[PDB]
Amino acid sequence: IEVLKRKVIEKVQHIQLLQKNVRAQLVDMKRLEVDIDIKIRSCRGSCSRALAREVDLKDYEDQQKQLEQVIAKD
Amino acid sequence: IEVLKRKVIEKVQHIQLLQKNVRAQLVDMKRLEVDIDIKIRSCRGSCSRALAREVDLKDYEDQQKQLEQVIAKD
Amino acid sequence: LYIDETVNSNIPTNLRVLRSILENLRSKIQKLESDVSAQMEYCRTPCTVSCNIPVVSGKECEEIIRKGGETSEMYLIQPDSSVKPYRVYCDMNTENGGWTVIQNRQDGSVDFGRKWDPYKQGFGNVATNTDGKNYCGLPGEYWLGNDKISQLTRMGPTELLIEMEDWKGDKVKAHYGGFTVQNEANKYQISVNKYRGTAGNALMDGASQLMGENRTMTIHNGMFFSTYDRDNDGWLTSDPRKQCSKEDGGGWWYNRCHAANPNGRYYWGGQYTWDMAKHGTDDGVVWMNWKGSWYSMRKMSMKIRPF
Amino acid sequence: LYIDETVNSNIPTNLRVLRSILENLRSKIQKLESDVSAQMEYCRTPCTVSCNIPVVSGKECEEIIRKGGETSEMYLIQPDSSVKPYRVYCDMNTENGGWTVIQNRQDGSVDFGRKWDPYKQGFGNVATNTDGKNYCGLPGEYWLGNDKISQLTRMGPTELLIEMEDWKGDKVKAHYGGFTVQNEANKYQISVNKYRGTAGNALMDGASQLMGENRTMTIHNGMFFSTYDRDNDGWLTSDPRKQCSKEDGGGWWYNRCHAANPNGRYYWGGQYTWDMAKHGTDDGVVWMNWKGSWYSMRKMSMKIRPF
Amino acid sequence: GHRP
Amino acid sequence: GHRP
Amino acid sequence: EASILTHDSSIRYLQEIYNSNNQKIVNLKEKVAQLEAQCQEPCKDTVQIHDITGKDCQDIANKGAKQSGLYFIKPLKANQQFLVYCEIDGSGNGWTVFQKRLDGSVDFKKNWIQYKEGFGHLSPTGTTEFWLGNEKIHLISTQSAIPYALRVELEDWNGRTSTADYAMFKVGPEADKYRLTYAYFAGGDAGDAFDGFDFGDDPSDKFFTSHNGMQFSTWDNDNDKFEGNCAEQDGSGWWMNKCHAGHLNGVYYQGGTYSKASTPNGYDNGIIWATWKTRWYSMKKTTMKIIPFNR
Amino acid sequence: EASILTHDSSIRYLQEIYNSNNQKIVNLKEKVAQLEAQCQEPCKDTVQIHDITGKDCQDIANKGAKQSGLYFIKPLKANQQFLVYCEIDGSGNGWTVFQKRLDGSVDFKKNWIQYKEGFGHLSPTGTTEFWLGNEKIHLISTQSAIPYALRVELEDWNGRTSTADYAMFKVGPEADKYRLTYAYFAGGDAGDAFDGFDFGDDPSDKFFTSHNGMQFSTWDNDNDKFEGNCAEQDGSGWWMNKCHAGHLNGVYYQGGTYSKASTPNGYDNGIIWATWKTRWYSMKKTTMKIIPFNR
Ligand SMILES: CC(=O)N[C@@H]1[C@@H](O)[C@H](O)[C@@H](CO)O[C@@H]1O
Ligand SMILES: CC(=O)N[C@@H]1[C@@H](O)[C@H](O)[C@@H](CO)O[C@@H]1O
Ligand SMILES: CC(=O)N[C@@H]1[C@@H](O)[C@H](O)[C@@H](CO)O[C@@H]1O
Ligand SMILES: CC(=O)N[C@@H]1[C@@H](O)[C@H](O)[C@@H](CO)O[C@@H]1O
Ligand SMILES: [Ca+2]
Ligand SMILES: [Ca+2]
Ligand SMILES: [Ca+2]
Ligand SMILES: [Ca+2]
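Residues numbered from 1 in each chain as written, not as in the entry; some residues may be left out. Chains lettered and ligands numbered in written order. Heavy atoms only, no water.

Per the PDB entry, chain G goes by the name Fibrin gamma chain and belongs to Homo sapiens.

With the PDB entry as reference, chain A is termed Fibrin alpha/alpha-E chain, source organism Homo sapiens.

And the structure:
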């Protein structure tokens, strides 16, 4: 056997990679946007004027699940 | 007859002359007695005390009234 | 033998995700780079205030309300003649005035995750101008310099009061009839007692949810002050990444961390999670003994008085 | 015929008497010598007074009694601001007060036979201390300086009054509603009128016993002032020994002498004769029109007022 | 915050 | 006093 | 089936922007950092305090200060130095102010203690009302007896101004209440009110309306030569006698004019200075300052 | 008969005398002139007036005068300069006196005018009683408002003395009668009588016995705050109110003490100063003088 019954597993690392690298690469965006939210805000009492902007938190928890919905079907 | 008939009616003259001057001395004297009385009195206002004195003018009056009782014999 | 039907339906789907995502983030990051390159734009100009100073002045807020100052605004005190008068906010309404603010949190307006010196000199906005008026009757977020706080207590028998308000609106207190903070030379060592209150004696007794050894490492009484560059927490280790102050993002009397962490991070809304914290710790304006490690207040303030 | 009897009777007695007096006089002369030397001695020390000055003061005695000064004593006036205040005696009792004394004679206390300048500057004792008291309530013999008398009249319509008292005790007056005395430059020329009175208008009409030409040379009105060194009498001659002032022993408005000569010689008793006067003239405190040339008063005084 |  |  | 090299063209893309992201990210982190960096400054406050100090405002002028503003003076026989508003002219004179009126922003119907320590606010611009504080004033006016001078500067509702100068100005120690005393009226078109005014309702007025030698009075500390209580009536703090001829701490009356009608107890309580305007006109601006008389 | 012509040699003797007389009769005429020379000068009067002049006694001291005595002052707004008694100390202070009591030589029950122009006598020794004169006093106390000071100096019948100082002393113009006014009591062991005294017969007393602000009164010019007439009753001239707490122009009472019995209308009319001695003790010496306050 050769054509693909062992040449697709070297591809399960090509799928179980992003899926696992993007999983984490996501959380960082959460930790980042949460951060930058405050950061920017702290600037309300330092600069002329801050920025009014809410963080679409939810959306992350959404794409957070589509994550483990594809982690349990491989 | 020299030292009598003439040199007598001569001495007399040189005598009356004298009597005519005592009268005159009683003159200013009397006046003086008076001038000082005053002049002294005027001191009552310039000095400490002013000599209290008596000017019994009478005697003068006496004396001169008498000195003139020497004219009916001239 | 038959795992050949996946390359047809299973993966062309176990792949569509990554697209619907790595496409989103790649996009939802520009928004950020954008917000920022903007705020940076705004900042070319600082915020301004004009706090004309009230005639009256004393050694501290108390003497002052005693000298006739009856409005809550910004006054100018001079506790010790050895130092020049500094500005401070006086609370002359709450609990019979005379209150000298040491720490106050009410919005995100000020970064609290600062270095040692800053905490030592103090930082923040003491007060801002009341809408219209010419005096700053409104307090701001600040931390009166450590040295100043120290000296304020080492004057005489000082009592401490801590208030906080949740986002829904309810309140609580934390009285400490006795309160002191040693000088810098003594790592501004805290010390309190006589807990009257409704928030739960965090500073002295520790979290109300941790048992035995786990709670005693939440008590602040007798603890030293720590900042993200000057360790002094009850956490003893070789690992440098482990310092309550680096985590819990702030400067405060840390003891293998806390039970209550004002000066924490100001999370909007109050409800916050670990997968949200820069360090996964319960950093944030928290008073465990009343809302647990996962809730940053909407308002938190530390004010003093003599007594 | 036998005239040689006078050589033995008359002459001797003449000489007898003659001697008598010369000795008698000689005596009186050595006596006056003594009195004179004695008085010269009491004089090593002058008479003293202490006339503390009354608060009140004005332009002259009138204004004064009007300003409240109601006792007859010594006041201090200043008629014209161009000159400094001088002392003067005010009569505030006789004829409704306000009387400023210019001349007063009551005893022998003061020599009046003085020179021109003296009469011009004034002389005498304005007032002496009242027995006991600390103010000089008693007037003295004096003549307020001529210049002062002049200026006093050239101020406004001035009236003059002259009183005198004989030794027996009776009195008389001599009012002159109008009175003036030009300055020194004008030989202090006198001038009067409106004679009310009981003494007889000597100053204006002249002696009441001299007829025609003989009386008109006794009128003083319009006459100049004369002293024993400054002639100005109506007597005009080459003979210098003939000057009313040298005779009549005083300084006064002489006009071929007088009818009335205050400032004359103060003969005690009042009754005096020619063979008594240093110059055989009727010199002495006399007012012919009332007692004749041969009677020096016991008191004579010239006081003024405005009117 | 507590560390075991 | 007069002086004729 | 195995003819799949059309699927390996997709997988390539994901690693593409991903590594583009994980770059854009960390790059951003750097900016935020720089962002935080320029977000560590408190709002810029316009009020500031010149560094120079001294006994009185003049002392400061002498020391080289040039701008009129807020300063710290530490008078001789005094404990804790206090802030004040100095007024400095081109000539170099240092006026130190203890009272300013100009808009009626402040409630002058204050109590004793208050008037002792002072009240109101201080601005560098000198555009705020205030009362420095009797006690403070005392200390300032009393030091090795160098004489000061009180200049009263008034401005009506017509930009017309005037002044009143008082030589050898002093204010007594709380002991003898705060009795105000002065040598004499130095001069000024404003007229000498403190000398009492002939109001005209009674001869005694001028006498009863003089202020020299009066003690300070507040509703809670009556020391007026009046049977009742001027302080309470007129509603203020001030050296009352049988009340006043000069009432700078009076009730601010917009417009300037007023009348019995508008007054609480029929008595003129406005900021008045009888010798200048009538008792029923209340200045638009008031200002009481002092400076060593040798000036 | 050539023997009886001894007459010829005998006569000549009388003659011989005459010339002796005339001789003596001239030495004398001279001697007398030597007397007329000394009896010209009047009498030397002990009272004299220093040549220096000025506005007030102090002005004079300044000008160099050193001896306390009689001087002529010519105050600013005044016409004819007037005489006064200056008191100068070694330090160089020039006290100008307007009232002195010490033996009861003078009758102080004088009328209005009198008190206006003044009465009594002035001595260089300052040993005589007197009242300078309201009008004069006025003029002196009122000149380009330089403040004077009234020093009341009292001496009892035991050589004990005391003083009372009054700052910013002034005396009003005849118009407003002679109303006396002063800034405040400066000090003195004599006690502040003018401030009214708590006699104790009624609360109102202190109020009714104050003198600051009172107008002067004389039997012929009642201006006292009293129904009747204090001036007439007590018998004097003085700033009465409901009479007095201080009555320096009172009735001199030898011995110092007195009682209702000895008083005309049962009221204390003596030279009293209630704050020091009782109302029934009347000072042996009294003296009211003034000097520019800057002293
Ligand atoms: C009577 C009278 O008084 N007149 C006299 C006259 O007798 C005499 O010729 C002479 C007086 O000295 O001049 C006057 O004319
Ligand atoms: C007292 C209790 O409930 N036990 C837990 C323990 O199992 C856990 O390891 C620790 C975490 O540090 O928290 C508590 O001590
Ligand atoms: C079973 C239990 O008691 N709960 C937990 C346990 O699951 C966990 O492994 C431990 C970690 O230290 O903390 C607690 O003991
Ligand atoms: C009338 C009268 O009194 N006779 C005098 C006379 O004695 C005197 O000699 C003469 C010259 O003066 O004047 C008069 O004729
Ligand atoms: Ca540690
Ligand atoms: Ca001639
Ligand atoms: Ca009162
Ligand atoms: Ca009356």
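There is more to say after this.
Check the secondary structure of chain A and you find 2 helices and 0 strands. In terms of overall size, chain A is more extended than a compact globule, its C-alpha atoms giving a radius of gyration of 19 Å where 74 residues would be expected to give roughly 11 Å. On the principal axes, the C-alpha backbone points of chain A span a range of 70 × 20 × 10 Å. Just so you have it, chain A exposes about 4,200 Å², and 51% of that area is on carbon and sulfur atoms. In chain A, which carries 16 positive and 13 negative side-chain charges, the distance between the mean positions of the two groups comes to 3 Å. (Helix = DSSP H or I, 4+ residues; strand = E, 2+ residues; numbered from the N terminus. Rg over C-alpha atoms; globule rule 2.2 N^0.38 Å. Areas by Shrake-Rupley, 256 points an atom, 1.4 Å probe, with all protein chains shown as cover. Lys, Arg positive; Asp, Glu negative; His and termini not counted. Charge placed at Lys NZ, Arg CZ, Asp CG, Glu CD.)

This part takes up the coordination of the calcium ion (ligand 8). Residue and element names in this part refer to chain H. Each protein donor to the calcium ion (ligand 8) is listed here as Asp 222 (OD), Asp 222 (OD), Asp 224 (OD), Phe 226 (O) and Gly 228 (O); together their distances run 2.3 to 2.5 Å. Within one chain, the residues serving as donors to the calcium ion (ligand 8) are arranged as D-x1-D-x1-F-x1-G. Note on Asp 224: relative accessible area 8%, which makes it buried. (Donors = N, O, S within 2.8 Å, 3.2 Å for Na, K, Ca; no water. Buried < 20%, exposed > 50% of the residue type's maximum accessible area, 1.4 Å probe, protein only.)

With that settled, consider the site of ligand 2. In the vicinity of ligand 2, the contacting residues are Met211(C), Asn214(C) and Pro4(E). Surrounding ligand 2 is a set of residues that belongs to chains C and E. Between ligand 2 and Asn214(C) there is a distance of 2.7 Å, counted from an oxygen atom to a side-chain nitrogen or oxygen. Protein chains bury 36% of the 370 Å² of accessible surface belonging to ligand 2 in isolation. (Near = heavy atom within 4 Å. Polar contact = N/O pair within 3.5 Å; in protein donor to acceptor, adjacent residues only side chain to side chain.)

Turning our eyes to something else, we now look at the interface of chain C and chain E. Accessible area lost on assembly of the parts is the figure often given for the size of an interface. With 13 residues of chain C in contact, the opposing surface of chain E contributes 4 residues. At the boundary of chain C with chain E, total buried surface from both sides reaches about 620 Å², with 50% on carbon and sulfur atoms. If you look at where chain C meets chain E, you find 2 salt bridges. Among the ionic pairs, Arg3(E) bridges to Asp248(C), the shortest N-O distance being 3.6 Å. Our enumeration of links across chain C and chain E arrives at 4 residue pairs in polar contact. Residue composition of the side of chain C that touches chain E, grouped by class: 5 nonpolar, 4 polar and 4 charged. (Contact = heavy atoms within 4.5 Å. Buried area = accessible area lost by both parts, 1.4 Å probe. Salt bridge = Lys/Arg side-chain N within 4 Å of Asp/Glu carboxyl O. Nonpolar A, V, L, I, M, F, W, Y, C, P; charged D, E, K, R; others polar.)

Here we take up the interface of chain H and chain D. Facing the 49 residues of chain H at the interface are 48 residues of chain D. Each partner contributes to the roughly 4,100 Å² buried at the junction of chain H and chain D, and carbon and sulfur atoms together form 60% of this total. In this structure, the connection of chain H to chain D is made through 1 salt bridge. As a salt-bridge pair, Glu117(H) and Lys67(D) come within 3.4 Å of each other at their nearest N and O atoms. Elements supplying a minimum of two residues to the side of chain H that touches chain D: α1 (7–36), β1 (44–45), α3 (112–117), β6 (119–122) and β7 (130–131) of chain H.

Attention now goes to the side chain of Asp224(H). Residues and elements named next belong to chain H. Locating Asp 224 in the fold gives a position in the loop between β12 (217–218) and α6 (230–235). Of the side chains with opposite charge, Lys 242 lies nearest to the buried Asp 224, which makes no salt bridge, at 9.0 Å. One polar contact links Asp 224 to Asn 229, side chain to side chain, over a distance of 3.4 Å. Dropping the residues within four chain positions of it, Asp 224 is found in contact with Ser 217, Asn 229, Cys 230, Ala 231, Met 240 and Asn 241.

Time to look at the side chain of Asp165(H). All names here are of chain H. Inspection of the secondary structure assignment puts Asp 165 in strand β9 (residues 161–171). Residue class for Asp 165 comes out buried when judged on its relative accessible area of 16%. Setting aside residues no more than four positions away along its own chain, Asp 165 makes contact with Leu 150, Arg 151, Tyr 184, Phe 185, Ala 186 and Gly 187.

A few words now on unusual backbone geometry. One non-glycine residue, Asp248(C), adopts positive backbone phi at about 50°. Topologically, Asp248(C) is positioned in the loop between α8 (212–216) and β14 (260–261). What makes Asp248(C) buried here is its relative accessible area of 0%. In the Ramachandran plot, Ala145(H) falls in the positive-phi region, its phi being about 45° despite a non-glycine side chain.

A few words on the domain arrangement of chain G. Residue and element names in this part refer to chain G. Taken as a whole, chain G is organised into domain 1 (48–190 + 285–295) and domain 2 (191–284). Counting residues at the interface gives 43 residues for domain 1 and 39 residues for domain 2. Summed over both partners, the interface of domain 1 with domain 2 buries about 3,400 Å², with 59% contributed by carbon and sulfur atoms. Interface area lost by domain 1 to domain 2 is led by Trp 112, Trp 157 and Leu 180, which between them contribute 23%. Along the contact surface separating domain 1 from domain 2 lie 1 salt bridge. Here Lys 277 ties to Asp 156 by a salt bridge, and the two come within 3.2 Å at their closest N and O atoms. One can count 27 residue pairs in polar contact joining domain 1 with domain 2. Elements that contribute at least two residues to the side of domain 1 that touches domain 2 include exactly β5 (94–101), α3 (112–117), β8 (148–155), β9 (161–171), β10 (180–181) and β16 (285–292). Element by element, the count of residues in the side of domain 1 that touches domain 2 is highest for β9, at 6 residues. (Domains from an automatic or database assignment.)

This part takes up the packing of helix α1 (residues 18–42) of chain A against helix α1 (residues 11–37) of chain G. Interaxial distance between α1(A) and α1(G) falls to 11 Å at its minimum, and their mutual angle equals 25°. The pairing of α1(A) with α1(G) is recorded here as roughly parallel in orientation. Crossing hand, α1(A) versus α1(G): left-handed. Along its contact with α1(A), which presents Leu18(A), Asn21(A), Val22(A), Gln25(A), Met29(A), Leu32(A), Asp35(A), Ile36(A), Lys39(A) and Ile40(A), the element α1(G) presents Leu14(G), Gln15(G), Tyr18(G), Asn21(G), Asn22(G), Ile25(G), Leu28(G), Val32(G), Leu35(G) and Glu36(G). Its residues placed into classes, the contact of α1(A) with α1(G) shows 12 nonpolar, 5 polar and 3 charged. (Axes fitted to C-alpha atoms, helices over the stretch in contact; angles between N-to-C directions. Parallel < 35°, antiparallel > 145°, perpendicular 65-115°, else oblique. Left-handed = near helix turned anticlockwise from the far one by under 90°.)

In this model, the second largest pocket occupies a volume close to 1,300 Å³. Taken together, 45 residues form the lining of the second largest pocket, with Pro85(C), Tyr86(C), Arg87(C), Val126(C) and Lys148(C) sitting closest to its centre. If you list the elements that add at least two residues to the lining of the second largest pocket, you get β3 (73–77), β4 (86–91), α5 (116–121), β6 (122–124), β9 (142–144) and α6 (146–153) of chain C together with β1 (44–45) of chain G. Split into classes, the residues belonging to the lining of the second largest pocket amount to 21 nonpolar, 13 polar and 11 charged. (1 Å grid on protein atoms, 1.4 Å probe; cavity = no way out; pocket = protein on both sides within 12 Å on 5 of 7 lines; lining within 4 Å. Points joined across faces, edges and corners; volume = space filled by probe spheres on them.)

Two numbers describe how helix α1 (residues 13–41) of chain B lies on α1(H): the axes approach to 11 Å, and their chain directions differ by 20°. If you check the angle between α1(B) and α1(H), you find them roughly parallel. In terms of crossing hand, the pair formed by α1(B) and α1(H) is left-handed. Contact residues: α1(B) offers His14(B), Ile15(B), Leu18(B), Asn21(B), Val22(B), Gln25(B), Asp28(B), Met29(B), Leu32(B), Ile36(B), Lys39(B) and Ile40(B), while α1(H) offers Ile11(H), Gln15(H), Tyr18(H), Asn21(H), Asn22(H), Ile25(H), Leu28(H), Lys29(H), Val32(H), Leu35(H) and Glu36(H). The class makeup of the residues in the contact of α1(B) with α1(H) is 13 nonpolar, 6 polar and 4 charged.

Once that is clear, we can look at the coordination of the calcium ion (ligand 7). Put simply, the ideal angle at a metal is 109.5 degrees for four donors in tetrahedral geometry and 90 or 180 degrees for six donors in octahedral geometry. Residues and elements named next belong to chain G. Note on the calcium ion (ligand 7): its protein donors are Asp 222 (OD), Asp 222 (OD), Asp 224 (OD), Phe 226 (O) and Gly 228 (O). The metal-donor distances range over 2.4 to 2.6 Å. Here the donor residues of the calcium ion (ligand 7) are spaced in sequence according to D-x1-D-x1-F-x1-G. The exposure class assigned to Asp 222 is partly exposed, which follows from its relative accessible area of 35%.

Residues in contact with ligand 1, as listed here, are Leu210(D), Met211(D), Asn214(D), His2(F) and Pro4(F). Residues close to ligand 1 are split across chains D and F. Take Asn214(D): an N or O atom from its side chain is 2.7 Å from an oxygen atom of ligand 1. At 3.1 Å, a side-chain N or O of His2(F) approaches an oxygen atom of ligand 1. Taken by itself ligand 1 offers 360 Å² of open surface, and the protein chains cover 41% of this. When its residues are assigned to classes, the shell around ligand 1 shows 3 nonpolar, 2 polar and no charged.

In this section: the packing of aromatic side chains. Counted according to the given criterion, the structure contains 74 aromatic pairs over all chains. Considering the side-chain rings of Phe225(D) and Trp253(D), the 5.0 Å spacing of their centres and the 85° angle between planes classify their relative orientation as edge-to-face. Of the two residues, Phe225(D) sits in the loop between α6 (212–216) and β14 (260–261) while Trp253(D) sits in the loop between α6 and β14, which places them 28 residues apart along the sequence. When the ring of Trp112(H) is compared with that of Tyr178(H), the centres are 5.8 Å apart and the planes differ by 35°; the resulting orientation is tilted. Note that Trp112(H) is positioned in helix α3 and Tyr178(H) in the loop between β9 and β10 (180–181), a separation of 66 residues in sequence. Judged by relative accessible area, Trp112(H) falls into the buried class, the value being 9%. Lying over the aromatic face of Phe112(C), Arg105(C) brings its terminal NZ or CZ to 3.9 Å of the ring centre. It is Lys177(H) that lies over the ring of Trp112(H); its NZ or CZ is 5.9 Å from the centre. (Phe/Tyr/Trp six-rings, centres within 6.5 Å; stacked < 30°, edge-to-face > 60°. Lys NZ or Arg CZ within 6 Å of the ring centre and 35° of its normal.)

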